[PDB]
Every structure is written in C-alpha cells, then in structure tokens.
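Trainee: My questions will all concern the structure given below.
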Amino acid sequence: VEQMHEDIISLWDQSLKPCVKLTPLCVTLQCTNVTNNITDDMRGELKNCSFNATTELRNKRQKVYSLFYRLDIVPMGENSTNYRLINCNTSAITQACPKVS
Amino acid sequence: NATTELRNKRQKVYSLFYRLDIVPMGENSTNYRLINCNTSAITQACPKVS
Amino acid sequence: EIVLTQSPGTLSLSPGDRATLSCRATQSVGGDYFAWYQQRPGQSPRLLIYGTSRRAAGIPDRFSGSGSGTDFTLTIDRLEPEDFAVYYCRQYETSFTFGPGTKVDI
Amino acid sequence: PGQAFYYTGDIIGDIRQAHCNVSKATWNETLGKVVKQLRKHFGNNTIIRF
Amino acid sequence: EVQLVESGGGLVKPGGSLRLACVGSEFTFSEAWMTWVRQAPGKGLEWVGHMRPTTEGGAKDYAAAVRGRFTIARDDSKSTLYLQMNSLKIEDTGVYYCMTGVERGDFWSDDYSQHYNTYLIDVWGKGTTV
Ligand SMILES: *[C@@H]1O[C@H](CO)[C@@H](O[C@@H]2O[C@H](CO)[C@@H](O[C@@H]3O[C@H](CO[C@H]4O[C@H](CO[C@H]5O[C@H](CO)[C@@H](O)[C@H](O)[C@@H]5O)[C@@H](O)[C@H](O[C@H]5O[C@H](CO)[C@@H](O)[C@H](O)[C@@H]5O)[C@@H]4O)[C@@H](O)[C@H](O[C@H]4O[C@H](CO)[C@@H](O)[C@H](O)[C@@H]4O)[C@@H]3O)[C@H](O)[C@H]2NC(C)=O)[C@H](O)[C@H]1NC(C)=O
Ligand SMILES: *[C@@H]1O[C@H](CO)[C@@H](O[C@@H]2O[C@H](CO)[C@@H](O[C@@H]3O[C@H](CO)[C@@H](O)[C@H](O[C@H]4O[C@H](CO)[C@@H](O)[C@H](O)[C@@H]4O)[C@@H]3O)[C@H](O)[C@H]2NC(C)=O)[C@H](O)[C@H]1NC(C)=O
Ligand SMILES: *[C@@H]1O[C@H](CO)[C@@H](O)[C@H](O)[C@H]1NC(C)=O
Ligand SMILES: *[C@@H]1O[C@H](CO)[C@@H](O)[C@H](O)[C@H]1NC(C)=O
Ligand SMILES: *[C@@H]1O[C@H](CO)[C@@H](O)[C@H](O)[C@H]1NC(C)=O
Ligand SMILES: *[C@@H]1O[C@H](CO)[C@@H](O)[C@H](O)[C@H]1NC(C)=O
Ligand SMILES: *[C@@H]1O[C@H](CO)[C@@H](O)[C@H](O)[C@H]1NC(C)=O
Ligand SMILES: *[C@@H]1O[C@H](CO)[C@@H](O)[C@H](O)[C@H]1NC(C)=O
Ligand SMILES: *[C@@H]1O[C@H](CO)[C@@H](O)[C@H](O)[C@H]1NC(C)=O
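Chains A, B, C, D and E are the protein sequences, given in the same order.
Quick note on the working numbering: the first sequence kicks off at 801 and runs consecutively.
Quick note on the working numbering: the second sequence kicks off at 8 and runs consecutively.
Quick note on the working numbering: the third sequence kicks off at 151 and runs consecutively.
Quick note on the working numbering: the fourth sequence kicks off at 61 and runs consecutively.
Quick note on the working numbering: the fifth sequence kicks off at 16 and runs consecutively.
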C-alpha cells in the first residue's frame, strides 16, 4: 500500500515538472459579478476578474480578464473588489500540461 | 523596498545589518548594497535546520 | 446633481505673487473625482490638476492643490504673465459639471 | 509566495562587542607544554615565539 | 501627437438639427472616455454629455438641458465621436469641445516584481462653433 502510495505521488509530480509555472499571475485581481442569468444555487459562485499580466516581452503588459470560481480566490485590500488568488500566500502554482490526461 | 506576495506591490522595510555584510556604492554615504550582489546570488539558510 | 461654485470672481495679483483659487460643492465629491483646468481666453481649457492633487503631464511644478468633501483649493506658487487666465473647477463622480470659473488678473 | 525573510529588527539595551574568554593561567600552561614538545624537533637552547 | 479634431459646427435656426463629429488620432479611441463640453460666448464651461470607453461598456450620460434632444454615438473603426443635436434652440449656440484623457506609461517587469509607471495626456480639440 505504501509503495503504491509513494509511486503514484512520485509519478504525479514528475508529470508536472516540464509545465509552465504560473508565477506571473500573483497580481491583484479586480473582481465583479458575472453578467449572465445565474440560478439561485450559483449566485456568487463565479466572479469576473481582470488583471495586468506580463507577456512575451518583459517591457510589455496585457489586460486580461477571466472567470474564476469563488473558491479559488480570496478578498484583500479593504474587503471590496480587490481579490487575489488563494495560492499566492502559501506557494507558487503549476499549470497542468493540456496534453496530459 | 522589498518585493512581497503580489508582484505589483512593494513594501518598505528596515533592518539592522553588520557593516561587514554591506559595501558602499560610488563613495555615497547614503547608498549601500549587499556584498554578494555583484558576485553570486545569496541563499537564506532554513530556520528549521540546525 | 451636485453643483460647484467658485471664489473670488476675479483674483487680482501682481506677476510673481501666489494665487489661491477656491471651489466649493453643494455635496461631497470624492478626491479622485475633483479637477481644475486653466482657460486662457480664446483657447480650449487645459487640465492642470486631477484627482484633487495630481499634476497633469506637461504642467509646470508651480501648479498644485488639495482638498476633500465639499472644500477644494488650487494654488499657483508664482504667477507668470501667462497664468492670468480663467480657472475652472470640475467634478466627475455623479455630476460632471463645472463651477463658474475665477479670473486671475493684475 | 510563501517565502519568508528573517532579519534583526532592533536591539534591546546597550550595544556591546561579542567576545570569548579563556583562563589566563590555563592557557599559559597549555602553551608551556606545546613549547616543551616543539623543543624536541627544534633545539633545546632555543627561543620559541608566538 | 495625441489629438482631437472637431468639425461640423455652424448655426442652424431653432427647430432644425446639426451633426457634430470629432476624430481622434494617435490614441486607442475605443479605450477613451469621450466627453462633450460647450461654451457659448460670455459663458463658462457647460457639460453636454459623455460616453464611457467602448471596452468598459459604452455607458452614456447627459446634461439635463440637452436630454431628449441630443444623442451621443461612437464609431471606433473611424476613431470618431458624434453628437446629433435635434430640436436646436438659440441657447445651443457656442463652441463645442471634444475632450478625453490618454494614460500612457512605461511597463518594466523583472522575474520577482512588475511595475507600470503611468502619465496622463489631457487632450482637447480646438472646438467647433455651432
Ligand atoms: C491594471 O492597469 C490599469 C491601467 O494602469 C489600472 O487602472 C488604473 O489604476 C490607477 C490606480 O488606481 C488609476 O489612477 C488613478 O487616477 C485617479 C484620478 O483619475 C480620475 O480622473 C482621471 C482624469 O479624468 C479627468 O480628466 C480627463 C481629461 O481632462 C477628463 O476626460 C475626465 O472627464 C476627467 O475630468 C480619469 O481619467 C480617471 O479614470 C476615468 O477614466 C478612465 C478611462 O480613461 C476610466 O477607465 C475610469 O473608469 C474613469 O472613468 C479617474 O476618473 C487618481 O486620483 C489616482 O491617484 C490616487 O492613487 C495614487 C496611486 O494609488 C495615489 O498616489 C494618489 O495619492 C491617489 O490616492 C490614480 O492616479 C487609473 O485611473 C486607472 N486607469 C484606468 C484605465 O481606469 C488597473 O487598476 C490595473 N488593474 C489591476 C487589477 O491591477
Ligand atoms: C467580464 O468583464 C469584461 C470587462 O473587463 C466584459 O467585457 C466587456 O463587455 C462589454 C459588454 O457588457 C463590451 O461592450 C460592448 O462592446 C460591443 C462591441 O463588441 C459594442 O458594440 C457595445 O456597444 C453597444 O452598446 C452600448 C451600450 O451598452 C451603446 O452605447 C453603443 O452605441 C452600442 O449600441 C459595447 O461597447 C466590452 O467591449 C467588453 N470589453 C472587453 C475588453 O472585452 C465581459 O463581458 C465580462 N463577462 C462577464 C461574463 O461578466
Ligand atoms: C436573461 O433573463 C431575462 C429575463 O429576466 C431575459 O429577458 C434575457 O433574454 C435572458 N438572457 C439571455 C441571454 O437569454
Ligand atoms: C454580487 O454577488 C453577491 C453574492 O456573492 C451578492 O450578495 C451581491 O448582492 C451581488 N451584487 C450585485 C450588484 O448584483
Ligand atoms: C494564507 O492566507 C490564509 C487567509 O486568507 C490563511 O488562512 C493561511 O493560513 C495562509 N497560509 C500561509 C502559508 O501563510
Ligand atoms: C565585487 O565588488 C568588489 C568591490 O568593488 C570587488 O572587489 C570584487 O572583485 C567584485 N567581484 C566580482 C565578482 O565582480
Ligand atoms: C566559563 O564558564 C564556566 C561556567 O559555565 C565557569 O566555571 C568558568 O570559570 C568560565 N571560564 C572563564 C575563562 O571565564
Ligand atoms: C607563564 O609562564 C612563564 C614562564 O617563564 C611565567 O614567568 C609566567 O608568570 C606564567 N604566567 C601565568 C599566568 O601563569
Ligand atoms: C633537552 O632537555 C631534556 C629535558 O627536558 C633532556 O632529556 C634532553 O636530553 C635535552 N636535549 C638536548 C639535545 O640537550
């Protein structure tokens, strides 16, 4: 049991080794409610967040917005619209490679 | 000016250093930098390791 | 529907003196929504100060100001001949209107 | 991101130099023994200076 | 050179209509907050109305004096702001100015921190007289 446990974790970790590490995303995110028809059980579940990302050239910036689940973000500043990703305080996040099932 | 958890924020911090760990820049009394900055990057030892 | 007013009607100062220009609101305006412009007669108005205290790009350091709520001030450290213009205050939070303007003269 | 830096914030009380102590007599006896043995490789009617 | 150029002003007898336009250049038009201000001879600066950046939703607002008579519109492919003034009155005579703001700035990122130093370019056109 212990060997299965350790080997699965080891293989899991190896598979993420070559994938992009998402450190450019630890920026403040300004989040508002989603402009759509949301059922009662989904109210407040999603947030529409914009942020300023780096790009291919380090002296250029881009405006990006995306939808996030509320569980992946945490408020900050003055408990208003300024939110950040949850992982930013604990550790950097790695994106899983899209080609790997 | 120290970096912080978020890339687009900075914090002002002060600390005490031993003189032997810093080197003046351009003979300017106000400006100093850490000794290792021109040479290899420094690494902090883990506080959990004796 | 917040209204701005200004004082004095005309400010009479010699060149080289210090201008003080007042603007008052009927209701509070957040600092990030208050600004001043300089209108040399016959010319389009030019933004001096925005966000209550922030200087616009291209504007000389002699221009400065401060304020909050319903009480704001624009000042000029030393008047140049070109500064004897009409200054207007403008709010842009809920109300996008301008005060009547104050002429600076000698 | 989860990376903490440690530093001396300040010092409570007076600032004094760090130091080490040895017993004067113990140290003098220790050297005498070293000198005695050095004279077995060097001459007897010699001078040993530290 | 960031600039705005107004055109179309002239005097139309009361009850008629006139269309003004302003063409922006050297600025992403669609990202700009465009505002019409007018000044009749002997008068101060009167707000006419505005339209928020296209990219921020295109919301509009108007001075009460022109509500129901004036229409604000934009066509970003032409970098052009328009004002359609219907049911003109004598009091609508004056200089119509096109004014907006452009924030440009020098972005520079490292691998541990990023910064964006911005500067505001107040751009007004010369104004067109109605
Ligand atoms: C991602 O990046 C973007 C871009 O950098 C960033 O958005 C900017 O964030 C900064 C910081 O919050 C904002 O800067 C603040 O501006 C305050 C004053 O701005 C007000 O007035 C501006 C001038 O308008 C007047 O003049 C023009 C021209 O004459 C006229 O047309 C107007 O009618 C008016 O009279 C105005 O432009 C500005 O924003 C408006 O317009 C833009 C479009 O241009 C629109 O998008 C906005 O919604 C709004 O309608 C606003 O009304 C200023 O007081 C403030 O200074 C404070 O903060 C600093 C630093 O924190 C302190 O040092 C200082 O003491 C004050 O406390 C600050 O300079 C900037 O306006 C934003 N720009 C935009 C595009 O909105 C995002 O936040 C970044 N996002 C993330 C997630 O990081
Ligand atoms: C998440 O947030 C982003 C913004 O960060 C948001 O994207 C924006 O959506 C608005 C619509 O709500 C877009 O604005 C429109 O763009 C179209 C062009 O594609 C224009 O034709 C529209 O103009 C008409 O309507 C105006 C009145 O609203 C009229 O004044 C005008 O004359 C036209 O009739 C309007 O400008 C905006 O362009 C995008 N911005 C970006 C950067 O994409 C996104 O929708 C949000 N998503 C969710 C799910 O909440
Ligand atoms: C959302 O619901 C409203 C009714 O409240 C309806 O008029 C609108 O068309 C719906 N949105 C979409 C995209 O169908
Ligand atoms: C935004 O969503 C929250 C739920 O997370 C709700 O309490 C709030 O009233 C909503 N605000 C608006 C303007 O719809
Ligand atoms: C990160 O912040 C959350 C509060 O949002 C806190 O509960 C958690 O313990 C923090 N984690 C670390 C490693 O500091
Ligand atoms: C670092 O700077 C010091 C002081 O000028 C100099 O003596 C030393 O040789 C430099 N080291 C390197 C690797 O450049
Ligand atoms: C060193 O400390 C011990 C007690 O820990 C003491 O007995 C001894 O005399 C001290 N030696 C010197 C040189 O001070
Ligand atoms: C050290 O040894 C010499 C031997 O000549 C002696 O004169 C001196 O007094 C000794 N000092 C101490 C502290 O014992
Ligand atoms: C040096 O002194 C020791 C006594 O401490 C003696 O035994 C030895 O023979 C002497 N050596 C010489 C070369 O005189």
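Backbone N, C-alpha and C fix where the C-beta goes; we use that ideal spot for every residue, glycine too.
Between the alpha carbons of A:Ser891 and A:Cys897, how many angstroms are there, rounded?
Mentor: Here residue 891 of chain A is taken as the residue at index 91 of the first sequence, counted from 1. Here residue 897 of chain A is taken as the residue at index 97 of the first sequence, counted from 1. Approximately 19 Å between the Cα atoms of the pair.
Trainee: At a Cβ threshold of 8 Å, is E:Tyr127 touching chain B?
Mentor: The count along the fifth sequence starts at 1 and reaches residue 127 of chain E at position 112. Interface residue, yes.
Trainee: Return no unless some Cβ of chain C is closer than 8 Å to the Cβ of E:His65.
Mentor: Along the fifth sequence, read from residue 1 onward, the residue named residue 65 of chain E stands at position 50. At least one chain C Cβ lies under 8 Å of E:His65.
Trainee: Going by alpha carbons, who is nearest to E:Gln99 out of E:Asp137, E:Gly116, E:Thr115, E:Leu35?
Mentor: In the fifth sequence, the residue the question calls residue 99 of chain E occupies position 84. Checking every option, the nearest Cα to that of E:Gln99 belongs to E:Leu35.
Trainee: If the cut is a Cβ gap below 7 Å, which residues of chain E does B:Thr46 touch?
Mentor: Residue numbering aside, residue 46 of chain B sits at position 39 when the second sequence is read from its first letter. In chain order: nothing, as chain E lies at least about 19 Å away.
Trainee: Report yes or no: is there a C-beta of chain A within less than 8 Å of the C-beta of B:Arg17?
Mentor: Numbered from 1 along the second sequence, position 10 holds the residue referred to as residue 17 of chain B. No, B:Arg17 does not count as interfacial toward chain A.
Trainee: What does B:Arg40 touch in chain E if you count any residue whose Cβ is under 8 Å from its own?
Mentor: Numbered from 1 along the second sequence, position 33 holds the residue referred to as residue 40 of chain B. Under the 8 Å cutoff, chain E gives no residues; its nearest Cβ is about 16 Å from B:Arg40.
Trainee: Along the alpha helix (DSSP H) that carries residue 751 of chain A, what are the first and last residues, could you check?
Mentor: Summary: the structure shown does not reach residue 751 of chain A, with chain A confined to residues 801 through 901, and so no result is reported for it.
Trainee: So the candidates are A:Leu846, A:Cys831, A:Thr832; which of them puts its Cα closest to the Cα of A:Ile838?
Mentor: On the first sequence, position 38 is the one that residue 838 of chain A refers to. Ranking the options by Cα distance to A:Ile838, first place goes to A:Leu846.
Trainee: Residues in the same chain with beta-carbon distance under 6 Å from B:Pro31, minus the five sequence neighbours each way, listed in chain order, please.
Mentor: Here residue 31 of chain B refers to the residue found at position 24 of the second sequence. Cβ within range, chain order: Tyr39.
Trainee: Measuring only the C-alpha atoms, how far is B:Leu23 from B:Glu12?
Mentor: Here residue 23 of chain B is taken as the residue at index 16 of the second sequence, counted from 1. Here residue 12 of chain B is taken as the residue at index 5 of the second sequence, counted from 1. Distance between the alpha carbons of B:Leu23 and B:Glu12 is about 22 Å.
Trainee: Within 8 Å (strictly less), CB to CB, does A:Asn852 reach chain B?
Mentor: In the first sequence, residue 852 of chain A corresponds to position 52, counting from 1. Yes - at least one Cβ of chain B is within 8 Å of the one on A:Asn852.
Trainee: Can you have a look at D:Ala64 and say buried or exposed, based on whether 16 or more other CB atoms are within 10 angstroms of its CB?
Mentor: As a first step, residue 64 of chain D must be located in the fourth sequence, where it is residue number 4. D:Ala64 comes out exposed.
Trainee: Is there a Cβ of chain E sitting closer than 8 Å to that of C:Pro250, yes or no?
Mentor: On the third sequence, residue 250 of chain C is found 100 positions in, with the first residue counted as 1. With 8 Å as the cut-off, C:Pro250 counts as an interface residue toward chain E.
Trainee: Is there a Cβ of chain B sitting closer than 8 Å to that of A:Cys826, yes or no?
Mentor: The residue given as residue 826 of chain A occupies position 26 in the first sequence. Chain B contact via Cβ: present.
Trainee: E:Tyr131 versus chain A: which residues are under 8 Å apart at the beta carbon?
Mentor: Within the fifth sequence, numbered from 1, the residue matching residue 131 of chain E stands at position 116. Residues of chain A passing the Cβ test: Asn852, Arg861.
Trainee: Please state the DSSP three-state secondary structure of D:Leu91.
Mentor: Position 31 of the fourth sequence holds residue 91 of chain D. Three-state DSSP puts D:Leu91 in a helix.
Trainee: Can you list, in chain order, the stretches of the beta strand (DSSP E) that have 3 or more residues and sit fully within the segment 17-76 of chain E?
Mentor: Whole beta strand (DSSP E) segments, 3+ residues: 18-22, 33-40, 49-54, 61-66.
Trainee: According to DSSP, is E:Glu106 part of a helix, a strand, or is it coil?
Mentor: For the purposes of this step, residue 106 of chain E is taken as the residue at position 91 of the fifth sequence. Note: E:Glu106 maps to helix in three-state DSSP.
Trainee: Less than 7 Å separating the Cβ of D:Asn88 from some heavy atom of ligand 7?
Mentor: As a first step, residue 88 of chain D must be located in the fourth sequence, where it is residue number 28. D:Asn88 Cβ: outside cutoff for every heavy atom of ligand 7.
Trainee: With a threshold of 8 Å, are at least 3 pairs of Cβ atoms found where one atom belongs to the segment 92-103 of chain D and the other to the segment 21-36 of chain E?
Mentor: No, the segment 92-103 of chain D does not touch the segment 21-36 of chain E.
Trainee: What in chain A is Cβ-close to E:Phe122, meaning under 7 Å?
Mentor: For the purposes of this step, residue 122 of chain E is taken as the residue at position 107 of the fifth sequence. Here the neighbours are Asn859, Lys860, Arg861.
Trainee: For ligand 5, list every residue whose C-beta falls under 5 Å from any of its heavy atoms, going in chain order.
Mentor: Matched residues: A:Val874, A:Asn889, A:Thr890.
Trainee: Where do the ends of the alpha helix (DSSP H) carrying A:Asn887 lie?
Mentor: What you label residue 887 of chain A is simply residue 87 of the first sequence in a count that begins at 1. Its alpha helix (DSSP H) spans residues 887-890.
Trainee: Would C:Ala207 count as contacting chain E if we go by Cβ distances under 8 Å?
Mentor: Translated into positions along the third sequence, residue 207 of chain C becomes position 57. Closer than 8 Å to some Cβ of chain E, the Cβ of C:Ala207 qualifies, so yes.
Trainee: Under 8 Å, do A:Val820 and A:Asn852 count as touching if we go by C-beta distance?
Mentor: Taking the first sequence and counting its residues from 1, the one referred to as residue 820 of chain A is at position 20. Taking the first sequence and counting its residues from 1, the one referred to as residue 852 of chain A is at position 52. Taking 8 Å as the Cβ cut-off, A:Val820 and A:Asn852 do not qualify as a contacting pair.
Trainee: Are any of the Cβ atoms in chain F nearer than 8 Å to that of E:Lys93?
Mentor: You won't find chain F in this structure, because its protein chains are A, B, C, D and E.
Trainee: Anything in chain D within Cβ reach of B:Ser22, meaning under 8 Å, just list it in chain order.
Mentor: Here residue 22 of chain B corresponds to residue number 15 of the second sequence, with the count starting at 1. Those within 8 Å of B:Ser22 in chain D are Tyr67, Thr68, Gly69.
Trainee: For ligand 7, which residues have a Cβ under 7 Å from at least one heavy atom, in chain order?
Mentor: Per the Cβ criterion, the list is D:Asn81, D:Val82, D:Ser83.
Trainee: From the DSSP output, read off the bridge partner residues of B:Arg14.
Mentor: Along the second sequence, one-based indexing puts residue 14 of chain B at 7. Note: B:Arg14 sits in no beta bridge, so no partner.
Trainee: Restricting to Cα atoms, I'd like to know which of A:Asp840, A:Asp841, A:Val834, A:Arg861 is closest to A:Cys849.
Mentor: In the first sequence, residue 849 of chain A corresponds to position 49, counting from 1. Nearest option by C-alpha distance: A:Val834.
Trainee: Nearer than 7 Å: is that true of the beta carbon of B:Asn15 relative to any heavy atom of ligand 1?
Mentor: Position 8 of the second sequence, counting from 1, holds the residue named residue 15 of chain B. Because some heavy atom of ligand 1 lies under 7 Å away, the Cβ of B:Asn15 counts as near it: yes.
Trainee: Please determine, among E:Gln129, E:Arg53, E:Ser45, E:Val81, the residue with the shortest C-alpha to C-alpha distance to E:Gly140.
Mentor: Within the fifth sequence, numbered from 1, the residue matching residue 140 of chain E stands at position 125. Residue E:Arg53 is the option with its Cα nearest to E:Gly140.
Trainee: With a threshold of 16 other CB atoms inside 10 Å of the CB of E:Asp137, please say whether the residue is buried or exposed.
Mentor: Residue mapping note: residue 137 of chain E aligns to position 122 of the fifth sequence, counting from 1. Counting Cβ neighbours within 10 Å, E:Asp137 comes out buried, since at least 16 surround it.
Trainee: Please list, in chain order, the chain A residues whose beta carbon lies closer than 9 Å to that of B:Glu34.
Mentor: As a working mapping, residue 34 of chain B is identified with position 27 in the second sequence. Correct list: empty, because the minimum Cβ distance to chain A is about 32 Å.
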